[PDB]
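Worksheet for the structure shown next.
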Amino acid sequence: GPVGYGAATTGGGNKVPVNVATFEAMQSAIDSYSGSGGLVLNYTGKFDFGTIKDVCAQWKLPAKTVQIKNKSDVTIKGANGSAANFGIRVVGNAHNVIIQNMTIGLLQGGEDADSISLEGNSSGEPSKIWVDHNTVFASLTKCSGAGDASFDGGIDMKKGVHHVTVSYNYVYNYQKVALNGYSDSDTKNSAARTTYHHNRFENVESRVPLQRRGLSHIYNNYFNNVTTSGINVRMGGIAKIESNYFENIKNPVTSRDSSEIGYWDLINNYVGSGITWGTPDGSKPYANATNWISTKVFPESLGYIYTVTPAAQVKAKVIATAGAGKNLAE
């Protein structure tokens with residue numbers, strides 16, 4: 001099962017899976033569901049990404065997104081070899097959700113092209129969410145006319161989604177990997193408690209993650225070819241950054257672009273070759289972990305048991321286990 005802040009997550013448990021071949025069938029099954037007690041959706045669709053001939057056609061088309069809204073006790077799992085050209089939102093008073101083994105790529109909608117998005121609102125905030133062994137990709141291409149938004153977020157949460165494990169995911173060819181707190185005014189995000197572990201982040205730009213407020217544990221992740229910034233801790237947030245493998249990454253551990261800085265507790269990180277650093281434009285305060293020195297001690301017990309892969313073994317371990325179609329290997 002899940003390790004970390006989302007450890008209690010069971011999703012739809014042992015309920016007999018409902019096979020769903022399209023995002024419409026998936027949505028219909030969610031809509032018919034009573035909202036609690038358990039629902040397991042086995043997604044069997046096999047989207048052919050070769051059908052997308054132009055990676056800049058996507059942003060101007062409307063988003064295709066499945067919604068779990070105010071419903072609990074749900075597993076969404078991709079069958080092996082399954083592929084989705086739609087995204088998933090979990091919104092409001094929605095709890096105990098597993099999203100697993102999904103391959104999600106090249107989504108329509110641009111700024112609206114959410115891959116996996118977890119969202120608090122006036123009705124409540126999601127909790128006990130396990131985002132595990134998914135493969136999420138797009139393009140680094142900046143399309144003509146698109147603004148900064150040819151695609152959008154990879155694995156995102158905001159407005160005080162709490163108690164979440166984001167584990168063994170593979171996110172590549174992706175500009176904005178992981179949002180955690182949508183703006184400096186997202187005060188509900190002080191509640192966020194997120195464990196990011198054993199994720200593969202390769203050929204990506206930034207937000208790996210972007211953390212605003214709350215507490216995080218970012219351990220045993222492999223970072224390679226991250227071109228703008230990596231872990232960006234902001235607005236008083238504190239990240240415990242433990243036994244990750246970093247290589248070919250600019251600004252691996254930083255705080256920038258918020259009105260107030262965030263902090264890190266660094267230990268046992270493998271720092272490989274190709275680390276670069278840069279200074280942000282603007283007058284907002286910033287910090288670069290140039291010497292890998294902690295700026296705050298993690299202020300409380302993590303309240304869970306976890307086992308650490310030796311940092312030097314992380315690259316190989318994560319390459320071996322991260323993403324969809326891996327039999328959920330750990």
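Here's how to read the names in the structure tokens: chain A, B, ... by the order shown, residue numbers from 1 in each chain, ligand numbers from 1 in the order shown.
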Report task. Within 9 Å of region 100-108 of chain A, counting only C-alpha atoms, which residues show up once you throw out same-chain ones fewer than 5 positions away? Write them as a ChimeraX atom specification, please. Result -> /A:43,49,52,55,57-64,75-87,113-116,130-139,150-152,169,323-328
Prev. selection, C-alpha atoms, output as an mmCIF file, in the first residue's frame:
data_model
loop_
_atom_site.group_PDB
_atom_site.id
_atom_site.type_symbol
_atom_site.label_atom_id
_atom_site.label_comp_id
_atom_site.auth_asym_id
_atom_site.auth_seq_id
_atom_site.Cartn_x
_atom_site.Cartn_y
_atom_site.Cartn_z
ATOM 1 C CA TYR A 43 -9.672 1.674 -17.295
ATOM 2 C CA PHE A 49 -0.776 9.080 -29.130
ATOM 3 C CA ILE A 52 -1.825 13.604 -32.388
ATOM 4 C CA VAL A 55 1.621 18.963 -30.461
ATOM 5 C CA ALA A 57 -3.217 21.508 -31.877
ATOM 6 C CA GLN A 58 -3.967 20.590 -28.255
ATOM 7 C CA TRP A 59 -4.094 23.891 -26.362
ATOM 8 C CA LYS A 60 -6.932 25.390 -28.394
ATOM 9 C CA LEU A 61 -9.188 22.328 -28.015
ATOM 10 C CA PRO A 62 -11.455 21.962 -24.945
ATOM 11 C CA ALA A 63 -10.231 19.858 -22.005
ATOM 12 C CA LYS A 64 -11.240 16.222 -21.577
ATOM 13 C CA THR A 75 -9.889 3.665 -7.079
ATOM 14 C CA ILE A 76 -9.098 4.623 -10.651
ATOM 15 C CA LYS A 77 -6.644 2.121 -12.109
ATOM 16 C CA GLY A 78 -5.311 1.732 -15.638
ATOM 17 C CA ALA A 79 -5.118 -1.763 -17.054
ATOM 18 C CA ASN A 80 -1.634 -2.690 -18.309
ATOM 19 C CA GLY A 81 -1.051 -1.132 -21.717
ATOM 20 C CA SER A 82 -3.953 1.298 -21.152
ATOM 21 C CA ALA A 83 -3.490 4.910 -22.270
ATOM 22 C CA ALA A 84 -5.587 8.029 -21.650
ATOM 23 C CA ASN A 85 -5.876 11.321 -23.535
ATOM 24 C CA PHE A 86 -7.959 12.683 -20.668
ATOM 25 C CA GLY A 87 -7.159 13.944 -17.164
ATOM 26 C CA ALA A 113 -5.226 20.650 -19.611
ATOM 27 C CA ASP A 114 -5.098 19.180 -16.084
ATOM 28 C CA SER A 115 -3.515 15.717 -15.808
ATOM 29 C CA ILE A 116 -4.133 14.777 -12.174
ATOM 30 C CA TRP A 130 -2.682 8.124 -3.336
ATOM 31 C CA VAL A 131 -1.248 9.062 -6.736
ATOM 32 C CA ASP A 132 0.905 6.074 -7.657
ATOM 33 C CA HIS A 133 2.665 4.520 -10.681
ATOM 34 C CA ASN A 134 1.224 6.886 -13.260
ATOM 35 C CA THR A 135 3.075 8.043 -16.373
ATOM 36 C CA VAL A 136 2.317 11.661 -17.265
ATOM 37 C CA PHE A 137 3.765 13.411 -20.345
ATOM 38 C CA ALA A 138 3.219 16.301 -22.768
ATOM 39 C CA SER A 139 5.677 18.525 -24.674
ATOM 40 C CA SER A 150 0.457 24.949 -24.384
ATOM 41 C CA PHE A 151 -0.227 22.399 -21.614
ATOM 42 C CA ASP A 152 -0.797 22.617 -17.860
ATOM 43 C CA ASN A 169 5.176 8.388 -10.851
ATOM 44 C CA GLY A 323 5.461 4.848 -13.832
ATOM 45 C CA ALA A 324 2.623 2.834 -15.350
ATOM 46 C CA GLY A 325 3.037 -0.704 -16.757
ATOM 47 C CA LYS A 326 5.608 -1.690 -14.100
ATOM 48 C CA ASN A 327 3.338 -4.124 -12.204
ATOM 49 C CA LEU A 328 3.352 -1.433 -9.467
#
With only C-alpha atoms as the counted atoms, please give the residues lying no more than 10 Å from region 248-257 of chain A, apart from itself and same-chain residues fewer than 4 positions off, as a PDB file with N, CA, C and O atoms, in the first residue's frame.
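Here's the written file around05.pdb:
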ATOM      1  N   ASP A 184       0.006  32.753  -3.764  1.00  0.00           N
ATOM      2  CA  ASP A 184       0.475  33.157  -2.440  1.00  0.00           C
ATOM      3  C   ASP A 184      -0.685  33.404  -1.480  1.00  0.00           C
ATOM      4  O   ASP A 184      -0.510  33.310  -0.268  1.00  0.00           O
ATOM      5  N   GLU A 202      11.925  13.601 -15.400  1.00  0.00           N
ATOM      6  CA  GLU A 202      12.936  13.697 -16.467  1.00  0.00           C
ATOM      7  C   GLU A 202      12.505  14.544 -17.663  1.00  0.00           C
ATOM      8  O   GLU A 202      11.396  14.387 -18.176  1.00  0.00           O
ATOM      9  N   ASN A 203      13.393  15.436 -18.096  1.00  0.00           N
ATOM     10  CA  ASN A 203      13.122  16.335 -19.222  1.00  0.00           C
ATOM     11  C   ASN A 203      11.896  17.197 -18.929  1.00  0.00           C
ATOM     12  O   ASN A 203      10.878  17.130 -19.621  1.00  0.00           O
ATOM     13  N   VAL A 204      12.011  17.992 -17.869  1.00  0.00           N
ATOM     14  CA  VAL A 204      10.929  18.832 -17.384  1.00  0.00           C
ATOM     15  C   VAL A 204      11.511  20.205 -17.084  1.00  0.00           C
ATOM     16  O   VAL A 204      12.730  20.352 -16.948  1.00  0.00           O
ATOM     17  N   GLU A 205      10.639  21.198 -16.954  1.00  0.00           N
ATOM     18  CA  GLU A 205      11.074  22.580 -16.815  1.00  0.00           C
ATOM     19  C   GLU A 205      11.141  23.026 -15.356  1.00  0.00           C
ATOM     20  O   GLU A 205      12.206  23.422 -14.883  1.00  0.00           O
ATOM     21  N   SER A 206      10.009  22.951 -14.656  1.00  0.00           N
ATOM     22  CA  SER A 206       9.887  23.484 -13.281  1.00  0.00           C
ATOM     23  C   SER A 206       8.713  22.904 -12.482  1.00  0.00           C
ATOM     24  O   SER A 206       7.948  22.070 -12.984  1.00  0.00           O
ATOM     25  N   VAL A 208       8.874  21.141  -9.339  1.00  0.00           N
ATOM     26  CA  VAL A 208       9.216  19.755  -9.041  1.00  0.00           C
ATOM     27  C   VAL A 208       9.647  19.594  -7.587  1.00  0.00           C
ATOM     28  O   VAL A 208      10.784  19.219  -7.305  1.00  0.00           O
ATOM     29  N   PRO A 209       8.729  19.880  -6.668  1.00  0.00           N
ATOM     30  CA  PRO A 209       7.476  20.557  -7.015  1.00  0.00           C
ATOM     31  C   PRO A 209       7.539  22.052  -6.720  1.00  0.00           C
ATOM     32  O   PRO A 209       8.572  22.548  -6.273  1.00  0.00           O
ATOM     33  N   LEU A 210       6.440  22.756  -6.972  1.00  0.00           N
ATOM     34  CA  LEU A 210       6.270  24.110  -6.474  1.00  0.00           C
ATOM     35  C   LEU A 210       5.419  23.971  -5.216  1.00  0.00           C
ATOM     36  O   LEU A 210       4.237  23.625  -5.303  1.00  0.00           O
ATOM     37  N   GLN A 211       6.023  24.217  -4.055  1.00  0.00           N
ATOM     38  CA  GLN A 211       5.308  24.117  -2.785  1.00  0.00           C
ATOM     39  C   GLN A 211       5.029  25.483  -2.154  1.00  0.00           C
ATOM     40  O   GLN A 211       5.951  26.244  -1.870  1.00  0.00           O
ATOM     41  N   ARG A 212       3.753  25.783  -1.937  1.00  0.00           N
ATOM     42  CA  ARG A 212       3.364  26.963  -1.171  1.00  0.00           C
ATOM     43  C   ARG A 212       2.703  26.540   0.138  1.00  0.00           C
ATOM     44  O   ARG A 212       1.632  25.920   0.130  1.00  0.00           O
ATOM     45  N   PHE A 223      15.807  13.059 -10.237  1.00  0.00           N
ATOM     46  CA  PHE A 223      15.677  14.256 -11.063  1.00  0.00           C
ATOM     47  C   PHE A 223      16.774  14.243 -12.129  1.00  0.00           C
ATOM     48  O   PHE A 223      17.963  14.100 -11.803  1.00  0.00           O
ATOM     49  N   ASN A 224      16.388  14.406 -13.388  1.00  0.00           N
ATOM     50  CA  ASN A 224      17.342  14.514 -14.497  1.00  0.00           C
ATOM     51  C   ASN A 224      16.799  15.416 -15.598  1.00  0.00           C
ATOM     52  O   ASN A 224      15.625  15.307 -15.984  1.00  0.00           O
ATOM     53  N   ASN A 225      17.659  16.300 -16.096  1.00  0.00           N
ATOM     54  CA  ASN A 225      17.287  17.262 -17.140  1.00  0.00           C
ATOM     55  C   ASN A 225      16.087  18.133 -16.752  1.00  0.00           C
ATOM     56  O   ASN A 225      15.060  18.170 -17.426  1.00  0.00           O
ATOM     57  N   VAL A 226      16.237  18.814 -15.620  1.00  0.00           N
ATOM     58  CA  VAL A 226      15.255  19.785 -15.161  1.00  0.00           C
ATOM     59  C   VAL A 226      15.794  21.199 -15.322  1.00  0.00           C
ATOM     60  O   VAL A 226      16.716  21.611 -14.617  1.00  0.00           O
ATOM     61  N   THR A 227      15.210  21.936 -16.258  1.00  0.00           N
ATOM     62  CA  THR A 227      15.906  23.033 -16.943  1.00  0.00           C
ATOM     63  C   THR A 227      15.737  24.441 -16.364  1.00  0.00           C
ATOM     64  O   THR A 227      16.546  25.322 -16.660  1.00  0.00           O
ATOM     65  N   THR A 228      14.722  24.656 -15.525  1.00  0.00           N
ATOM     66  CA  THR A 228      14.529  25.974 -14.901  1.00  0.00           C
ATOM     67  C   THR A 228      14.715  25.913 -13.394  1.00  0.00           C
ATOM     68  O   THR A 228      15.576  26.597 -12.844  1.00  0.00           O
ATOM     69  N   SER A 229      13.900  25.102 -12.724  1.00  0.00           N
ATOM     70  CA  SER A 229      14.060  24.887 -11.289  1.00  0.00           C
ATOM     71  C   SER A 229      13.431  23.569 -10.848  1.00  0.00           C
ATOM     72  O   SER A 229      12.562  23.015 -11.542  1.00  0.00           O
ATOM     73  N   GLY A 230      13.877  23.080  -9.692  1.00  0.00           N
ATOM     74  CA  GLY A 230      13.396  21.823  -9.145  1.00  0.00           C
ATOM     75  C   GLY A 230      12.399  22.034  -8.027  1.00  0.00           C
ATOM     76  O   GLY A 230      11.285  22.530  -8.248  1.00  0.00           O
ATOM     77  N   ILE A 231      12.808  21.645  -6.825  1.00  0.00           N
ATOM     78  CA  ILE A 231      11.994  21.824  -5.622  1.00  0.00           C
ATOM     79  C   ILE A 231      11.970  23.301  -5.249  1.00  0.00           C
ATOM     80  O   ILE A 231      13.007  23.888  -4.912  1.00  0.00           O
ATOM     81  N   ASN A 232      10.787  23.899  -5.314  1.00  0.00           N
ATOM     82  CA  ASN A 232      10.635  25.320  -5.052  1.00  0.00           C
ATOM     83  C   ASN A 232       9.698  25.536  -3.874  1.00  0.00           C
ATOM     84  O   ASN A 232       8.477  25.454  -4.019  1.00  0.00           O
ATOM     85  N   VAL A 233      10.279  25.796  -2.704  1.00  0.00           N
ATOM     86  CA  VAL A 233       9.527  25.856  -1.454  1.00  0.00           C
ATOM     87  C   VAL A 233       9.283  27.309  -1.080  1.00  0.00           C
ATOM     88  O   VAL A 233      10.228  28.077  -0.912  1.00  0.00           O
ATOM     89  N   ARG A 234       8.014  27.671  -0.931  1.00  0.00           N
ATOM     90  CA  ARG A 234       7.602  29.071  -0.877  1.00  0.00           C
ATOM     91  C   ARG A 234       6.587  29.324   0.234  1.00  0.00           C
ATOM     92  O   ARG A 234       6.012  28.382   0.788  1.00  0.00           O
ATOM     93  N   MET A 235       6.395  30.598   0.574  1.00  0.00           N
ATOM     94  CA  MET A 235       5.344  31.042   1.502  1.00  0.00           C
ATOM     95  C   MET A 235       5.358  30.350   2.868  1.00  0.00           C
ATOM     96  O   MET A 235       4.308  29.985   3.411  1.00  0.00           O
ATOM     97  N   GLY A 236       6.548  30.152   3.420  1.00  0.00           N
ATOM     98  CA  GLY A 236       6.672  29.546   4.744  1.00  0.00           C
ATOM     99  C   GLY A 236       6.545  28.032   4.781  1.00  0.00           C
ATOM    100  O   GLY A 236       6.678  27.433   5.844  1.00  0.00           O
ATOM    101  N   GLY A 237       6.288  27.404   3.634  1.00  0.00           N
ATOM    102  CA  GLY A 237       6.288  25.945   3.553  1.00  0.00           C
ATOM    103  C   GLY A 237       7.636  25.383   3.967  1.00  0.00           C
ATOM    104  O   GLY A 237       8.662  26.045   3.810  1.00  0.00           O
ATOM    105  N   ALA A 239       9.965  21.801   3.488  1.00  0.00           N
ATOM    106  CA  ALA A 239      10.173  20.482   2.879  1.00  0.00           C
ATOM    107  C   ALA A 239      11.333  19.719   3.524  1.00  0.00           C
ATOM    108  O   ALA A 239      12.442  20.253   3.687  1.00  0.00           O
ATOM    109  N   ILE A 241      13.776  17.138   2.611  1.00  0.00           N
ATOM    110  CA  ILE A 241      14.320  16.666   1.346  1.00  0.00           C
ATOM    111  C   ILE A 241      15.421  15.637   1.629  1.00  0.00           C
ATOM    112  O   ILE A 241      16.541  15.986   2.018  1.00  0.00           O
ATOM    113  N   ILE A 261       9.756  33.469   1.501  1.00  0.00           N
ATOM    114  CA  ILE A 261      10.497  32.250   1.230  1.00  0.00           C
ATOM    115  C   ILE A 261       9.955  31.042   2.013  1.00  0.00           C
ATOM    116  O   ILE A 261       9.214  31.192   2.989  1.00  0.00           O
ATOM    117  N   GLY A 262      10.307  29.855   1.536  1.00  0.00           N
ATOM    118  CA  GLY A 262      10.011  28.605   2.211  1.00  0.00           C
ATOM    119  C   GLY A 262      11.339  27.986   2.589  1.00  0.00           C
ATOM    120  O   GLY A 262      12.389  28.523   2.236  1.00  0.00           O
ATOM    121  N   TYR A 263      11.292  26.856   3.290  1.00  0.00           N
ATOM    122  CA  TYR A 263      12.479  26.307   3.946  1.00  0.00           C
ATOM    123  C   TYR A 263      12.672  24.819   3.695  1.00  0.00           C
ATOM    124  O   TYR A 263      11.733  24.110   3.317  1.00  0.00           O
ATOM    125  N   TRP A 264      13.896  24.348   3.904  1.00  0.00           N
ATOM    126  CA  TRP A 264      14.203  22.938   3.699  1.00  0.00           C
ATOM    127  C   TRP A 264      15.045  22.312   4.804  1.00  0.00           C
ATOM    128  O   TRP A 264      15.865  22.979   5.437  1.00  0.00           O
ATOM    129  N   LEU A 266      17.520  19.284   4.694  1.00  0.00           N
ATOM    130  CA  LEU A 266      18.220  18.468   3.718  1.00  0.00           C
ATOM    131  C   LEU A 266      19.023  17.380   4.411  1.00  0.00           C
ATOM    132  O   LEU A 266      19.722  17.654   5.389  1.00  0.00           O
ATOM    133  N   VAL A 271      24.079  14.203  -4.922  1.00  0.00           N
ATOM    134  CA  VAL A 271      24.222  15.333  -5.837  1.00  0.00           C
ATOM    135  C   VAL A 271      25.204  14.971  -6.947  1.00  0.00           C
ATOM    136  O   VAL A 271      26.418  14.989  -6.750  1.00  0.00           O
ATOM    137  N   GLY A 272      24.667  14.619  -8.108  1.00  0.00           N
ATOM    138  CA  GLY A 272      25.483  14.147  -9.227  1.00  0.00           C
ATOM    139  C   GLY A 272      26.084  15.291 -10.013  1.00  0.00           C
ATOM    140  O   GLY A 272      26.257  16.394  -9.488  1.00  0.00           O
ATOM    141  N   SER A 273      26.399  15.034 -11.277  1.00  0.00           N
ATOM    142  CA  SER A 273      26.952  16.074 -12.142  1.00  0.00           C
ATOM    143  C   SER A 273      25.854  16.897 -12.814  1.00  0.00           C
ATOM    144  O   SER A 273      24.687  16.490 -12.857  1.00  0.00           O
ATOM    145  N   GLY A 274      26.234  18.072 -13.308  1.00  0.00           N
ATOM    146  CA  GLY A 274      25.331  18.910 -14.090  1.00  0.00           C
ATOM    147  C   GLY A 274      24.374  19.774 -13.295  1.00  0.00           C
ATOM    148  O   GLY A 274      23.315  20.156 -13.796  1.00  0.00           O
ATOM    149  N   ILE A 275      24.738  20.092 -12.058  1.00  0.00           N
ATOM    150  CA  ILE A 275      23.962  21.038 -11.263  1.00  0.00           C
ATOM    151  C   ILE A 275      24.345  22.454 -11.652  1.00  0.00           C
ATOM    152  O   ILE A 275      25.519  22.826 -11.593  1.00  0.00           O
ATOM    153  N   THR A 276      23.354  23.235 -12.063  1.00  0.00           N
ATOM    154  CA  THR A 276      23.549  24.662 -12.311  1.00  0.00           C
ATOM    155  C   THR A 276      22.622  25.476 -11.412  1.00  0.00           C
ATOM    156  O   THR A 276      21.609  24.971 -10.921  1.00  0.00           O
ATOM    157  N   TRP A 277      22.985  26.733 -11.190  1.00  0.00           N
ATOM    158  CA  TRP A 277      22.181  27.636 -10.389  1.00  0.00           C
ATOM    159  C   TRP A 277      21.998  28.948 -11.138  1.00  0.00           C
ATOM    160  O   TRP A 277      22.823  29.309 -11.975  1.00  0.00           O
ATOM    161  N   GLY A 278      20.905  29.647 -10.845  1.00  0.00           N
ATOM    162  CA  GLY A 278      20.617  30.935 -11.449  1.00  0.00           C
ATOM    163  C   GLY A 278      19.867  31.851 -10.505  1.00  0.00           C
ATOM    164  O   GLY A 278      19.298  31.399  -9.507  1.00  0.00           O
ATOM    165  N   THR A 279      19.858  33.140 -10.840  1.00  0.00           N
ATOM    166  CA  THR A 279      19.199  34.172 -10.040  1.00  0.00           C
ATOM    167  C   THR A 279      17.888  34.589 -10.719  1.00  0.00           C
ATOM    168  O   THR A 279      17.875  34.867 -11.925  1.00  0.00           O
ATOM    169  N   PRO A 280      16.775  34.619  -9.959  1.00  0.00           N
ATOM    170  CA  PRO A 280      15.517  34.986 -10.609  1.00  0.00           C
ATOM    171  C   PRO A 280      15.448  36.484 -10.893  1.00  0.00           C
ATOM    172  O   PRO A 280      16.065  37.281 -10.175  1.00  0.00           O
ATOM    173  N   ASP A 281      14.717  36.850 -11.945  1.00  0.00           N
ATOM    174  CA  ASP A 281      14.408  38.246 -12.234  1.00  0.00           C
ATOM    175  C   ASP A 281      13.386  38.747 -11.223  1.00  0.00           C
ATOM    176  O   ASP A 281      12.640  37.953 -10.635  1.00  0.00           O
ATOM    177  N   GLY A 282      13.339  40.062 -11.027  1.00  0.00           N
ATOM    178  CA  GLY A 282      12.413  40.654 -10.072  1.00  0.00           C
ATOM    179  C   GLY A 282      13.065  40.937  -8.733  1.00  0.00           C
ATOM    180  O   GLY A 282      14.249  40.656  -8.534  1.00  0.00           O
ATOM    181  N   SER A 283      12.280  41.478  -7.809  1.00  0.00           N
ATOM    182  CA  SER A 283      12.804  41.982  -6.542  1.00  0.00           C
ATOM    183  C   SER A 283      12.368  41.147  -5.338  1.00  0.00           C
ATOM    184  O   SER A 283      12.825  41.385  -4.210  1.00  0.00           O
ATOM    185  N   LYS A 284      11.488  40.175  -5.577  1.00  0.00           N
ATOM    186  CA  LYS A 284      11.064  39.243  -4.535  1.00  0.00           C
ATOM    187  C   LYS A 284      12.272  38.489  -3.970  1.00  0.00           C
ATOM    188  O   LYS A 284      13.194  38.155  -4.716  1.00  0.00           O
ATOM    189  N   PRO A 285      12.271  38.218  -2.651  1.00  0.00           N
ATOM    190  CA  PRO A 285      13.395  37.494  -2.043  1.00  0.00           C
ATOM    191  C   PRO A 285      13.519  36.090  -2.618  1.00  0.00           C
ATOM    192  O   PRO A 285      12.533  35.527  -3.088  1.00  0.00           O
ATOM    193  N   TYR A 286      14.731  35.548  -2.595  1.00  0.00           N
ATOM    194  CA  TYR A 286      14.974  34.175  -3.032  1.00  0.00           C
ATOM    195  C   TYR A 286      16.105  33.515  -2.248  1.00  0.00           C
ATOM    196  O   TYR A 286      16.878  34.186  -1.559  1.00  0.00           O
ATOM    197  N   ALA A 287      16.187  32.196  -2.371  1.00  0.00           N
ATOM    198  CA  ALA A 287      17.267  31.423  -1.790  1.00  0.00           C
ATOM    199  C   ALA A 287      17.557  30.234  -2.683  1.00  0.00           C
ATOM    200  O   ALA A 287      16.634  29.562  -3.147  1.00  0.00           O
ATOM    201  N   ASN A 288      18.843  30.009  -2.937  1.00  0.00           N
ATOM    202  CA  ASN A 288      19.341  28.823  -3.624  1.00  0.00           C
ATOM    203  C   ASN A 288      20.146  27.972  -2.634  1.00  0.00           C
ATOM    204  O   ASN A 288      21.065  28.476  -1.971  1.00  0.00           O
ATOM    205  N   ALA A 289      19.813  26.687  -2.541  1.00  0.00           N
ATOM    206  CA  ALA A 289      20.553  25.753  -1.684  1.00  0.00           C
ATOM    207  C   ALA A 289      21.897  25.339  -2.297  1.00  0.00           C
ATOM    208  O   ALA A 289      22.191  24.152  -2.433  1.00  0.00           O
ATOM    209  N   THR A 290      22.706  26.336  -2.651  1.00  0.00           N
ATOM    210  CA  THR A 290      23.990  26.149  -3.345  1.00  0.00           C
ATOM    211  C   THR A 290      24.952  25.192  -2.627  1.00  0.00           C
ATOM    212  O   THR A 290      25.684  24.424  -3.268  1.00  0.00           O
ATOM    213  N   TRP A 292      23.797  23.051  -0.132  1.00  0.00           N
ATOM    214  CA  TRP A 292      22.979  21.957   0.400  1.00  0.00           C
ATOM    215  C   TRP A 292      22.860  22.015   1.920  1.00  0.00           C
ATOM    216  O   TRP A 292      22.960  21.002   2.613  1.00  0.00           O
TER     217      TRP A 292
END
Query raised in the report: Hey, what does DSSP flag as strand (DSSP E or B) within region 36-265 of chain A? Can you give it to me as a VMD selection string?
Result: chain A and resid 39 to 43 46 65 to 69 74 to 78 83 to 84 87 to 91 95 to 100 103 to 105 116 to 119 121 124 127 to 132 135 to 137 153 155 to 158 162 to 167 170 to 176 179 to 180 193 to 197 200 to 206 210 to 212 215 to 219 222 to 226 231 to 234 238 to 242 245 to 250 253 to 255 261 263 to 265
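Residue neighbourhood of residue 18 (chain A), excluding near-sequence residues (fewer than 4 positions): residues 40, 41 and 42 of chain A, at 7 Å, using only C-alpha atoms.
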**Report entry** Point-to-point distance from CA of residue 30 (chain A) to CA of residue 125 (chain A), Å rounded to tenths
**Finding:**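 Interatomic distance, CA of residue 30 (chain A) to CA of residue 125 (chain A): 18.4 Å.
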Give me the residues near region 1-17 of chain A as an mmCIF file with N, CA and C atoms, in the first residue's frame, where near means some atom within 6 Å (using only C-alpha atoms) and where sequence neighbours in that chain fewer than 3 positions away do not count.
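So selection-v9.cif came out as:
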data_model
loop_
_atom_site.group_PDB
_atom_site.id
_atom_site.type_symbol
_atom_site.label_atom_id
_atom_site.label_comp_id
_atom_site.auth_asym_id
_atom_site.auth_seq_id
_atom_site.Cartn_x
_atom_site.Cartn_y
_atom_site.Cartn_z
ATOM 1 N N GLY A 38 -17.266 2.360 -1.668
ATOM 2 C CA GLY A 38 -16.229 1.772 -2.507
ATOM 3 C C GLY A 38 -16.598 1.595 -3.962
ATOM 4 N N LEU A 39 -15.743 2.128 -4.827
ATOM 5 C CA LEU A 39 -15.877 1.975 -6.259
ATOM 6 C C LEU A 39 -14.483 1.789 -6.852
ATOM 7 N N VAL A 40 -14.310 0.747 -7.668
ATOM 8 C CA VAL A 40 -13.051 0.508 -8.359
ATOM 9 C C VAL A 40 -13.313 0.534 -9.855
ATOM 10 N N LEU A 41 -12.601 1.412 -10.557
ATOM 11 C CA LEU A 41 -12.714 1.530 -11.999
ATOM 12 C C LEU A 41 -11.449 1.048 -12.695
ATOM 13 N N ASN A 42 -11.613 0.019 -13.515
ATOM 14 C CA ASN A 42 -10.539 -0.517 -14.324
ATOM 15 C C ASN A 42 -10.603 0.086 -15.714
ATOM 16 N N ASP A 73 -13.949 6.997 -1.516
ATOM 17 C CA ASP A 73 -13.755 5.553 -1.578
ATOM 18 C C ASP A 73 -13.667 5.071 -3.022
ATOM 19 N N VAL A 74 -12.778 5.689 -3.794
ATOM 20 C CA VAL A 74 -12.684 5.418 -5.223
ATOM 21 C C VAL A 74 -11.258 5.056 -5.622
ATOM 22 N N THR A 75 -11.112 3.944 -6.337
ATOM 23 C CA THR A 75 -9.889 3.665 -7.079
ATOM 24 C C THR A 75 -10.100 3.846 -8.578
ATOM 25 N N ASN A 96 -10.233 9.665 0.178
ATOM 26 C CA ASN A 96 -9.868 8.251 0.084
ATOM 27 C C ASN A 96 -9.909 7.777 -1.362
ATOM 28 N N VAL A 97 -8.992 8.324 -2.150
ATOM 29 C CA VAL A 97 -8.995 8.108 -3.586
ATOM 30 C C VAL A 97 -7.640 7.603 -4.027
ATOM 31 N N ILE A 98 -7.642 6.537 -4.820
ATOM 32 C CA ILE A 98 -6.432 6.039 -5.447
ATOM 33 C C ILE A 98 -6.483 6.262 -6.954
ATOM 34 N N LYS A 128 -6.545 11.962 2.017
ATOM 35 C CA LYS A 128 -6.252 10.538 1.799
ATOM 36 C C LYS A 128 -6.301 10.229 0.315
ATOM 37 N N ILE A 129 -5.303 10.732 -0.400
ATOM 38 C CA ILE A 129 -5.210 10.511 -1.827
ATOM 39 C C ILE A 129 -3.871 9.837 -2.111
ATOM 40 N N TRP A 130 -3.897 8.812 -2.953
ATOM 41 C CA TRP A 130 -2.682 8.124 -3.336
ATOM 42 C C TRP A 130 -2.523 8.178 -4.853
ATOM 43 N N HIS A 163 -2.832 15.198 3.328
ATOM 44 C CA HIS A 163 -2.617 13.766 3.551
ATOM 45 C C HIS A 163 -2.646 12.957 2.267
ATOM 46 N N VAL A 164 -1.563 13.128 1.521
ATOM 47 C CA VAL A 164 -1.450 12.657 0.156
ATOM 48 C C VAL A 164 -0.076 12.052 -0.025
ATOM 49 N N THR A 165 -0.041 10.898 -0.678
ATOM 50 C CA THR A 165 1.207 10.331 -1.145
ATOM 51 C C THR A 165 1.232 10.384 -2.660
ATOM 52 N N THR A 194 2.109 16.318 2.363
ATOM 53 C CA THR A 194 2.328 15.580 1.127
ATOM 54 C C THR A 194 3.653 14.866 1.162
ATOM 55 N N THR A 195 3.626 13.587 0.806
ATOM 56 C CA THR A 195 4.848 12.822 0.606
ATOM 57 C C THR A 195 5.029 12.538 -0.884
#
Report task. Find, counting only C-alpha atoms, the residue in A:259, A:175, A:119, A:244 that gets nearest to residue 213 (chain A). Result ->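 Ranking A:259, A:175, A:119, A:244 by distance to residue 213 (chain A), first place goes to A:259.
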